[PDB]
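# Coordinate inspection notes
Listed here are the chains, written in short residue letters.
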Amino acid sequence: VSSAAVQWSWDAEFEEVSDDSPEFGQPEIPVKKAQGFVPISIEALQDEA
Amino acid sequence: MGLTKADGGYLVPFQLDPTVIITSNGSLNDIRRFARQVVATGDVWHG
Amino acid sequence: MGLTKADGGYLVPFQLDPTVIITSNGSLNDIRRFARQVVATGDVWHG
Amino acid sequence: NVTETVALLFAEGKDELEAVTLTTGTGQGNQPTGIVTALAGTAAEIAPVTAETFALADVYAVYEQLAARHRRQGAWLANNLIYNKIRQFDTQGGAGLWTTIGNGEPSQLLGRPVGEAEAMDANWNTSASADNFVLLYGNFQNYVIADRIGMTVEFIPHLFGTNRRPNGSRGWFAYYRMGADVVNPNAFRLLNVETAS
Amino acid sequence: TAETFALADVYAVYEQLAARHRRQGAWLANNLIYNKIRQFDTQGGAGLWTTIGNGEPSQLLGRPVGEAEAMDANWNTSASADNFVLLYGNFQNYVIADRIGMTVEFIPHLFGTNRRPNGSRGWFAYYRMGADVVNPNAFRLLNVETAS
Amino acid sequence: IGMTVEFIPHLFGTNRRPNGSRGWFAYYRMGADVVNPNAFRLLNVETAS
């Protein structure tokens, strides 16, 4: 959750105050995948040390 | 500032019920309580 | 059956950080350390 | 945790307003007078030795064109960009070596305390304003800030609609009072880099 | 100045960042850029970072220094028109999501074009991770355009 | 054989290579019939079409 600061102002006597509702935001961070593959042969597996 | 998302609606907790509700009629039957059951070994049972 | 909502994506818990991140630059000032400070007990301060 | 979140938001909002108005306050209507506005157009404002140019000579001139009574109680206040430009004056390691690469901001310039405030002007070329106040030095005891009341946060129990009936909303009020102006606009010296339009 | 790297660029990157983030940040560039920073002083002026005969300095302008050779360092020889060489900012706003580490599985039997064994075996490894920036105003990246 | 669930650690793809999926196989074996058809009496309500 992210937000921003409220904004003030200089007012005189008997002056109506403004609407100063803060604003909100919601960042997202997705999760991804990576992979690898190394095929080998049976004879290669048995001979190579 | 109300229940809308951009006006402070991102702070309400997400409420969820983990349990699973089954939406299938299924079946009820009673042969297996009255009938006779025999254990087979191969593919064909002879009597 | 993957992570899509209609194919079993409704069983994943919702993660959220309640802490709030401020995205405002702000302002830093040091005149309050060097300027002279007095208390006013009325509408104006005379000298 | 709405209440404390909004209280914090009020806190930095008040800080933003107060820090900026202390530096650039118009002094008309409902604003307290700021240090830069009150020292503009008087004898405090000086000009660079070379038009549209900032050099070490100007840094000396702003300090040396002040009465000895107030110079001993002086202080430097400007933006980080101006200090960084001052930091580039030395090239051959002469008598202008303020500090080298790999060290923090120095805490003394010409033996006087140094201050930073990013509400002042930063750069003159990119700016569209004709007047640029970039450096300010003087005895800050002549800038008086009159304070009356601190920040108060007060809770409205009910808000009414057009027909003067409840609608189901509540409020949060906060007010704050302060004023300031320069008693003596002659103990400061301000440098004005006026770019020709 | 276009298509140039001077000492003033370091201050330009450093100073244009907000004071709330400037006071907590670190540098990040490639080795060639740091060596170019080294080769900015000749007569022992303000640009003196460290004399020859010593290792890479541990701090720049009183701020931590990091290294990453995946960044772009040299621009004239490269065919890219965009060159991001120096980066300084508050890195506490860079979030990295870690879910699972490096795991390796061993498949005992592979199959051929007709779903029959082909006398092959293999290893399978995967890894999950995600990252993003949550505040773009906590950084100041330098771009050295070299158009035409 | 009763209900048995087997776990397939790896499923392959178009090019006969792993794709990052697993499998759940379940099967059942049974059979039933009648020995003596004269031991029951069933009622057939036939409606003309």
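Look up: the structure comes first, before these words.
What comes next is a walk through the structure. (Residues numbered from 1 in each chain as written, not as in the entry; some residues may be left out. Chains lettered and ligands numbered in written order. Part of a larger assembly, values for the part shown. Heavy atoms only, no water.)

What follows deals with the nonpolar core. Counting 28 residues, the largest nonpolar core has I31 of chain C together with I35, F140, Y143 and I145 of chain D as its most contacted members. Listed by contribution, the elements that provide at least two residues to this core are α1 (31-34) of chain C together with α1 (2-23), α2 (35-38), β2 (75-78), β4 (133-138), β5 (143-156), β6 (171-182) and β7 (188-192) of chain D. Tallying contributions element by element places β6 of chain D first for this core, with 5 residues. If near-sequence neighbours (up to four positions away) are discounted, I145 of chain D is found in contact with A35, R36, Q37 and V38 of chain C together with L22, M178, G179 and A180 of chain D. Core analysis: the next-biggest nonpolar cluster, separate from the first, contains 22 residues, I101 of chain D together with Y14, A29 and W49 of chain E among them. (Core = buried A, V, L, I, M, F, W, Y, C linked by side-chain atoms within 4.5 Å. Buried < 20%, exposed > 50% of the residue type's maximum accessible area, 1.4 Å probe, protein only. Helix = DSSP H or I, 4+ residues; strand = E, 2+ residues; numbered from the N terminus. Contact = heavy atoms within 4.5 Å.)

Attention now moves to the interface of chain C and chain D. On the side of chain D, 27 residues touch chain C, which itself brings 22 residues to the contact. Contact between chain C and chain D buries roughly 2100 Å² in total, counting both sides, with carbon and sulfur atoms accounting for 58%. Contact with chain D buries area across many residues of chain C, yet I31, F34 and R36 of chain C alone supply 30% of it, more than any other trio. Where chain C packs against chain D, one counts 1 salt bridge. Joining chain C to chain D, the criterion identifies 11 residue pairs in polar contact. Counting residues per element, the ones that place at least two in the side of chain C that touches chain D are α1 and β2 (36-39) of chain C. Taken together, the residues of the side of chain C that touches chain D sort by class into 10 nonpolar, 8 polar and 4 charged. The pairing of β2 of chain C with β5 of chain D spans 4 bridges and is classified as parallel. Bridged to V38 of chain C within β5 of chain D is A146 of chain D. (Buried area = accessible area lost by both parts, 1.4 Å probe. Salt bridge = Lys/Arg side-chain N within 4 Å of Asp/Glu carboxyl O. Polar contact = N/O pair within 3.5 Å; in protein donor to acceptor, adjacent residues only side chain to side chain. Nonpolar A, V, L, I, M, F, W, Y, C, P; charged D, E, K, R; others polar. Pairing = 2+ DSSP bridges.)

This next bit is on the interface of chain C and chain E. Between chain C and chain E, the residue contacts involve 7 residues of the former and 7 residues of the latter. At the boundary of chain C with chain E, total buried surface from both sides reaches about 560 Å², with 53% on carbon and sulfur atoms. Three residues, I21, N25 and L28 of chain C, lead the burial of chain C against chain E; their summed loss comes to 63% of the area buried on that side. Along the contact surface separating chain C from chain E lie 0 salt bridges.

The subject of this paragraph is the arrangement of the chains. With 12 pairs of chains in contact overall, the contact-richest pair is chains C and D. Between chain B and chain E there is no contact, and the shortest C-alpha to C-alpha separation is 16 Å.

Backbone hydrogen bonds hold the strands of a sheet together, and the pairing may be parallel or antiparallel. Residue and element names in this part refer to chain E. In space, the 4 strands of this open sheet follow the order β2-β1-β3-β6, with mixed pairing throughout. A strand with exactly one partner marks an edge of an open sheet, and here the two such strands are β2 (65-67) and β6 (139-143). Pairwise comparison of adjacent strand axes, ignoring direction, gives a mean angle of 20° for this sheet. Direction of pairing for strand β1 (residues 26-29) relative to β2: parallel, over a ladder of 3 bridges. Across the sheet, the residue bridging to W27 is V65, located in β2. Where helix α3 (residues 31-38) meets the sheet, its contacts fall on β1, β2 and β3 (84-89), and the angle it forms with β1 comes to roughly 110°. (Axes fitted to C-alpha atoms, helices over the stretch in contact; angles between N-to-C directions.)

All names here are of chain E. Looking at where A138 falls in the secondary structure, it is placed in the loop between β5 (120-133) and β6. Look at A138 and you get buried, because its relative accessible area is 0%. For the pair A138 and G122, spaced 16 residues apart in sequence, the C-alpha to C-alpha distance is 45 Å. Filtering out sequence-adjacent residues up to four positions away, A138 remains in contact with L17, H21, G89, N90 and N93.

To continue, consider the pairing of β2 of chain D. Residues and elements named next belong to chain D. Burial along β2 is two-sided: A75 and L77 facing one way and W76 and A78 facing the other are all buried. Relative to β4, β2 runs antiparallel, the two being bridged by 4 bridges. Across the sheet, residue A75 finds its bridge partner in β4, namely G138. Pairing analysis gives 3 bridges linking β2 to strand β3 (residues 114-116), with the strands arranged parallel. Note on β3: the bridge partner recorded for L77 is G115. Taken together, β2, helix α5 (residues 80-87) and β3 form a β-α-β motif whose crossover is right-handed. (Right-handed = clockwise from strand over helix to strand, strands pointing away.)

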